[PDB]
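Visitor: Okay, here's the structure, questions in a sec.
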Amino acid sequence: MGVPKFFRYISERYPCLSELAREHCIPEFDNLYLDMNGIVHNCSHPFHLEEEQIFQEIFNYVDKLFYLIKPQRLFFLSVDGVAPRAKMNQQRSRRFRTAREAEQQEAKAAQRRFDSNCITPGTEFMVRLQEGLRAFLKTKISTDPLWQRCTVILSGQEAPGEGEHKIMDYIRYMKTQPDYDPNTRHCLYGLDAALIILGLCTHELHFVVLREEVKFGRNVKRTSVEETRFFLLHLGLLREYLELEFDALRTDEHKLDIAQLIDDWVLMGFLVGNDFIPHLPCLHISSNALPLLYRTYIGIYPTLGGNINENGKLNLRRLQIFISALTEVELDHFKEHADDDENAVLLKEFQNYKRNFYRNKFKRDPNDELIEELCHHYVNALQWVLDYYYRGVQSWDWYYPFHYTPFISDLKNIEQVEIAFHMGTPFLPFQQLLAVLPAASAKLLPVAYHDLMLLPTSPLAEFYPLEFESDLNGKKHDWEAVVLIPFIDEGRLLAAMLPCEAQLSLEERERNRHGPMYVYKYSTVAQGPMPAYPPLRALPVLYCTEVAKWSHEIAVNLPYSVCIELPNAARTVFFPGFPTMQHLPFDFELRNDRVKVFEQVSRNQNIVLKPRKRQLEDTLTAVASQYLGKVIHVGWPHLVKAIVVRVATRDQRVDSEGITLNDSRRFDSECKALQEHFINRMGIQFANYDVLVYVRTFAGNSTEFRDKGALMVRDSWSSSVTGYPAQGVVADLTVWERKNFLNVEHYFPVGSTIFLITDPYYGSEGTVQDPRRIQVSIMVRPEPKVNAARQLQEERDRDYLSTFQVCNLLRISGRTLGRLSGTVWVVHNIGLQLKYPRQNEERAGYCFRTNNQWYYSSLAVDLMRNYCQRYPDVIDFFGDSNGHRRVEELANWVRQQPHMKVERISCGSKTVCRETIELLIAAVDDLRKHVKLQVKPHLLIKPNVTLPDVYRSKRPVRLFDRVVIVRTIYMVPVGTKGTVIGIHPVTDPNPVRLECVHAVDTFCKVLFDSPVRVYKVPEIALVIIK
DNA sequence: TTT
Ligand SMILES: [Mg+2]
């Protein structure tokens, strides 16, 4: 996996659409919508933890997400509540699955614990979680200054409806409001198809979808918070890429109605497969589904009155036409996997396949009555889903009452289909629980119905099969497998609940009501005390307010869908976070250039964008004339502000200082580089690279200080200079950006912290006293002697052999050293796991790589010798190679030893041994003078304001360097001082930003003397003490 | 809940 198949697909068909970015590349947002069931799953059962632990970790998760994304206006976190029957059927399927998969995996314990099905609403678990969560919001917002300008909304298991859909509802409600901002930048947590489709159908302009790369789980690889990156999808581009795909639907010289088109595309996306209906065998993404629905639609389009999905409502005639068209696809799928006048033969065999299918797999006779009710229920289904999205739930009771899908060929007279579902109401937690849980998890229910789950007398015993069969329509994985069970009739079920209900325990009786969502807002006025809750410590005073809002204060009742295209919004202007391909006249074509967006090269086609040859003559003097020294926007459509510092040609090149000659070789090389990037990753094709432009990316606003006189404010550019083809330069666009300081004193208030950049105490803590130069008091502190520790390390660094040397000492082939020292999978792992060549990793002091050659330390060698001594035949195998019990034996022998306990790290990073760490720690132990001075303003770091380019060291950071923290860094408060014990580079795997492509950021495993002991920290938040 |  790594990422959903849908995400993967549309992400490769439109290369510019998605990226893997780090904390700082994520665009600014007003609203973050966080969906919790995923998280709760990650934290509860990835081995043992108690509730306290779990909650603590969930809380953490949230904290780090909010910390990294910094939603400026709203933070809506939404836990799945009691959902409509349509979903509940599937929820139930997944429960039964997990229960049985659970028993099966516990069976390995027979060969030789936290029930997860409690992640559903109504369970004592989820309730306790709800509590702890409100408590958490209250603490965080009440204490943390960063959660105080935000508005926060929680929607718990209390409030009914899928998290993702409660989010949706709040969004539509939002659009409804009068003085609502059409430009609000929405960020939604998640990558699966449903959330893409969802955000895409809100018809919101600045909407991003994102999820972290690695669950926070790989913390056994020591990753700083700031090091974590996100996969993100830009809906704004998705739109433009569809506008590109259906260009053939244009009949005149003018844009198609994108609202109209998006709607229909939402429809296709729903056809590919959704939760609330069985999937059509003939439509899987890997199976080229989207392209097929595209072809079908395009080729059918001139015939429909207009849209199949009009503003969330279906056009049964047009629908009909479409499905009719899909018949081809379906029949072709049949013709393909059949074996696992010709046509006529095909059709007879296919009709026979139908009959036999209805009979065998549908357990129903093929009466035309059957086709009838199948068509009925299917069309009903579709409309139901569209309502779910465009207008909110329109039926809590309704559900597709079959386990399989109709035959497209057998869908005629759709138009005659009557659609009528009724709202009804969401089930009470216990009802839904009994509807969803399998016999296995009876415990999660109150005692009152345990009997109902497990006593074969039970009226509902049918719905609780000890054994349930599973059909897999050519779907490979057990999870894709259909789960053949009954469908609960609400009647009989509530009938079999009547007696028990009264007898429920008091607290059980109380926890069985639906509930509201809560709105937290930081208050200056003290709101009183809060009790503690495992694991949140108690609070003497709250500084926030919690306020109940019910499901119906968010309700929008109208004939049309508010999921319309707000016209107040500005799509002419550029917003920094959000790319558009609009500002450049370009042609386009769908080609087969094998673009590389993820790990490996795409196997299918993509859309190549081709900017039209610009009007500016492609000469040096001409390009310079226009753009030299000017402020432009490069990268496209992922635009950035930048200033042109040089223009170059294979022959010559212009600086502010005049024209000179240029290295042809180096130029042609740069050009190759650019070409490769754009085509292979960006699916972009410029006319030519005859003339390059070299820019500096905008790097923050800078405040200059003018003598004793005044405060100046200017633009700040970058350190590094990157090259961009002159053909992709876009100039003079207007942008929507957006609190200046006033007095010098306003900048430097009394008692605020100041850091020194002047030689006498480069890196000294300080405090401003009087803005007159500036009056300041510096707190001088001693610095530990590290020469000793350095010395220790140098000798250890000496302890290293070469791959060959090591081959000789162990008397083994080079190959066998290769397999032995890496990871070798047997089917289970049996490699000492010291090096990870493909990954580009190395294990601590054991392995290390320099001249593209490997070197192993002594611990490594004694280890490898050990392995050899003990397990010879295995080695013999490694050497001569290109009851299942011995494996487990050595797999464990290996997993046990301590090199596993030692951190693995990326190659090119310098580390240190625990002994040296000991010496250092001892020195700091051993170590345990305010000086007033007048200091020019530009040599003072204001902790969270000053741009890091003013304090970046002219020399790369080194080990044992003495560092102090300026910029705030998650756990570590500013001011904390320490010494470097690690230096770790980091490069983006596949940057879509040409500027980032080979940029390496530096993190430092730092030993702060104070406990707060050790943390990786970006070089940006550091000064070195001179 | 995801794959
Ligand atoms: Mg969901």
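Here, A, B, ... name the chains of the structure tokens in the order displayed, residue numbers run from 1 inside each chain, and ligands are numbered from 1 in the same displayed order.
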Residues within 10 Å of ligand 1 should be enumerated using only C-alpha atoms (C1' of nucleotides) and all ligand atoms and returned as a ChimeraX atom specification.
Guide: /A:35-38,78-81,83,87,161-166,190,192,194-195,275 /B:1
Visitor: Quick check: residues of chain A within 9 Å of chain B, only C-alpha atoms (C1' of nucleotides), returned as a PyMOL selection string.
Guide: chain A and resi 1-2+4+37-42+479
Visitor: Just how far from CA of residue 131 in chain A is CA of residue 442 in chain A, in Å to one decimal?
Guide: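 Atom-to-atom, CA of residue 442 in chain A and CA of residue 131 in chain A are spaced 23.7 Å apart.
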Visitor: Find, counting only C-alpha atoms, the residue in A:257, A:538, A:651, A:734 that gets nearest to residue 633 in chain A.
Guide: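 Smallest separation from residue 633 in chain A among the options: A:734.
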Visitor: Might you pull out every residue within 6 Å of range 173-183 of chain A, with only C-alpha atoms (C1' of nucleotides) counted and same-chain residues fewer than 6 positions away left off, and present them as a list in words?
Guide: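 Counting only C-alpha atoms (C1' of nucleotides), the residues come to residues 554, 568 and 569 of chain A.
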Visitor: What's around residue 966 in chain A at 10 Å? Count only C-alpha atoms (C1' of nucleotides), leave out sequence neighbours fewer than 6 positions away in its own chain, and write the answer as a PyMOL selection string.
Guide: chain A and resi 754-755+763+765+941-946+948+951+973-977+1020-1023
Visitor: Work out how far apart CA of residue 852 in chain A and CA of residue 820 in chain A are and give it in Å to one decimal.
Guide: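 Atom-to-atom, CA of residue 852 in chain A and CA of residue 820 in chain A are spaced 18.5 Å apart.
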Visitor: Neighbouring residues of residue 895 in chain A were defined as those with any atom within 10 Å, considering only C-alpha atoms (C1' of nucleotides); residues of the same chain fewer than 6 positions away were excluded. Please report them as a PyMOL selection string.
Guide: chain A and resi 829-833+901
Visitor: Can you spit out the residues from that selection as an mmCIF file, in the first residue's frame, using N, CA, C and O atoms?
Guide:
data_model
loop_
_atom_site.group_PDB
_atom_site.id
_atom_site.type_symbol
_atom_site.label_atom_id
_atom_site.label_comp_id
_atom_site.auth_asym_id
_atom_site.auth_seq_id
_atom_site.Cartn_x
_atom_site.Cartn_y
_atom_site.Cartn_z
ATOM 1 N N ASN A 829 12.091 -12.884 8.545
ATOM 2 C CA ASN A 829 13.373 -12.256 8.226
ATOM 3 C C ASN A 829 14.592 -12.850 8.931
ATOM 4 O O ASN A 829 14.550 -13.120 10.130
ATOM 5 N N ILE A 830 15.687 -13.009 8.189
ATOM 6 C CA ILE A 830 16.931 -13.523 8.759
ATOM 7 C C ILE A 830 18.192 -12.860 8.217
ATOM 8 O O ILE A 830 19.047 -13.527 7.638
ATOM 9 N N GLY A 831 18.301 -11.552 8.416
ATOM 10 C CA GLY A 831 19.492 -10.809 8.052
ATOM 11 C C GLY A 831 19.906 -9.963 9.235
ATOM 12 O O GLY A 831 19.053 -9.405 9.924
ATOM 13 N N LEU A 832 21.205 -9.872 9.486
ATOM 14 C CA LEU A 832 21.680 -9.160 10.661
ATOM 15 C C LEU A 832 21.161 -7.731 10.684
ATOM 16 O O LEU A 832 21.188 -7.073 11.722
ATOM 17 N N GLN A 833 20.699 -7.268 9.524
ATOM 18 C CA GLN A 833 20.095 -5.944 9.360
ATOM 19 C C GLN A 833 20.964 -4.771 9.811
ATOM 20 O O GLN A 833 20.547 -3.961 10.639
ATOM 21 N N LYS A 901 18.319 -2.999 19.153
ATOM 22 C CA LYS A 901 18.009 -1.900 20.048
ATOM 23 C C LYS A 901 18.677 -0.593 19.617
ATOM 24 O O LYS A 901 18.238 0.489 20.003
#
Visitor: Could you pull the residues within 9 Å of residue 222 in chain A, counting only C-alpha atoms (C1' of nucleotides), minus those fewer than 6 positions along the same chain, as an mmCIF file with N, CA, C and O atoms, in the first residue's frame?
Guide:
data_model
loop_
_atom_site.group_PDB
_atom_site.id
_atom_site.type_symbol
_atom_site.label_atom_id
_atom_site.label_comp_id
_atom_site.auth_asym_id
_atom_site.auth_seq_id
_atom_site.Cartn_x
_atom_site.Cartn_y
_atom_site.Cartn_z
ATOM 1 N N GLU A 903 19.733 2.476 17.162
ATOM 2 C CA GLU A 903 19.061 3.237 16.113
ATOM 3 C C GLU A 903 19.659 3.006 14.730
ATOM 4 O O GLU A 903 20.874 2.958 14.573
ATOM 5 N N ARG A 904 18.803 2.868 13.725
ATOM 6 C CA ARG A 904 19.279 2.860 12.351
ATOM 7 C C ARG A 904 19.109 4.270 11.824
ATOM 8 O O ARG A 904 18.185 4.964 12.222
ATOM 9 N N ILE A 905 20.014 4.705 10.955
ATOM 10 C CA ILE A 905 20.042 6.090 10.502
ATOM 11 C C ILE A 905 20.393 6.204 9.023
ATOM 12 O O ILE A 905 20.928 5.273 8.438
ATOM 13 N N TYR A 1015 16.923 15.141 21.816
ATOM 14 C CA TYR A 1015 15.955 15.359 20.738
ATOM 15 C C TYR A 1015 16.592 15.817 19.429
ATOM 16 O O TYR A 1015 17.469 16.677 19.423
ATOM 17 N N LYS A 1016 16.133 15.243 18.321
ATOM 18 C CA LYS A 1016 16.512 15.735 17.006
ATOM 19 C C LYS A 1016 15.907 17.117 16.831
ATOM 20 O O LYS A 1016 14.778 17.361 17.245
#
Visitor: Pick from A:196, A:857, A:471, A:435: nearest to residue 269 in chain A, with only C-alpha atoms counted?
Guide: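 Looking only at the distances to residue 269 in chain A, the closest residue turns out to be A:196.
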Visitor: If we count only C-alpha atoms (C1' of nucleotides), what is near residue 650 in chain A at a cut-off of 8 Å, once residues fewer than 2 positions away on the same chain are taken out, given as a count of residues only?
Guide: 9
